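First comes one chain, alone, set out as C-alpha cells in the form deposited without the named molecule.
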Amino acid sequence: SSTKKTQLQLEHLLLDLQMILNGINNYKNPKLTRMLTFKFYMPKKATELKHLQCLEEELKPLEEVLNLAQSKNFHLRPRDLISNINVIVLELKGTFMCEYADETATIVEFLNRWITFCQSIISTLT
C-alpha cells in the first residue's frame, strides 16, 4: 500500500526486536551464558526488504533459544512473539534465496544487526 504502511510495519518489527534485546540485556542470571553462546546465521548484505528471508529462516531457532532460557524473571512468550515477528516479516518480504555470511554471531549481535536493518530502511523512507 502507501509508503507509510511499510514504515509502520518496520517500526513494529523494530520494536519487537528491541523488546527481545532490552529484555536480554537487563536479564541477570548465573546460567544466562547458555543463551548467549548460541550462534546465529547472519545475512551477507541487508539492503532491502527482500533480504528479510535471512531473518525469517532464523526465526525458529530464535524462538527455540528464547524458549530454552525461560526463568521467572525472563518471560517473553517466544512462540507468540516470534509469530508476531513472523507475520510482519511476511508482509514485508512479500521466492528469494537467502545468502548467509561466513561468520556467525551471538543473539545480541544478531538482534542488533536486524535492529539496524529496520532503522536503516525507515530513515530512507522518511
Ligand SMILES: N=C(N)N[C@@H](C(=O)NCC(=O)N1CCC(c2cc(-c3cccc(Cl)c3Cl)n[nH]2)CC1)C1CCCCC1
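Only residues modelled in both forms are compared. Residues carry their position along the shown sequence, with the first being 1. Only the largest set of C-alpha atoms that superpose within 1.5 Å between the two forms is called the rigid core.
In the deposited entry, the stretch joining residue 30 to residue 31 is continuous, with no residue of the deposited sequence left without coordinates. When the mean C-alpha temperature factors of 7-15 and 98-106 are read from the deposited coordinates, 98-106 comes out higher. For the pair 40-48 and 82-90, the mean B factor over Cα atoms is greater in 40-48. In the PDB entry, a CA B factor belonging to the lowest third of its chain's modelled residues is recorded for residue 67.
Quick note: we don't show the form deposited with the named molecule bound, though the next part is all about it.
Using a 4.5 Å cutoff between non-hydrogen atoms, residue 88 does not count as a contact of the named molecule in the deposited complex. When contacts are judged by a 4.5 Å heavy atom cut-off, residue 47 does not count as touching the named molecule in the deposited complex. Of the heavy atoms in residue 92, none are within 4.5 Å of the named molecule in the deposited complex. Using a 4.5 angstroms threshold between heavy atoms, residue 116 stays clear of the named molecule in the deposited complex. The two forms, fitted on the rigid core, differ between this form and the one not shown by 2 Å or more at the CA of residue 32. Comparing the conformations between this form and the one not shown, with the rigid core held fixed, yields only the displaced run 26-32, spanning 3+ consecutive residues whose C-alpha shift is 2 Å or more.
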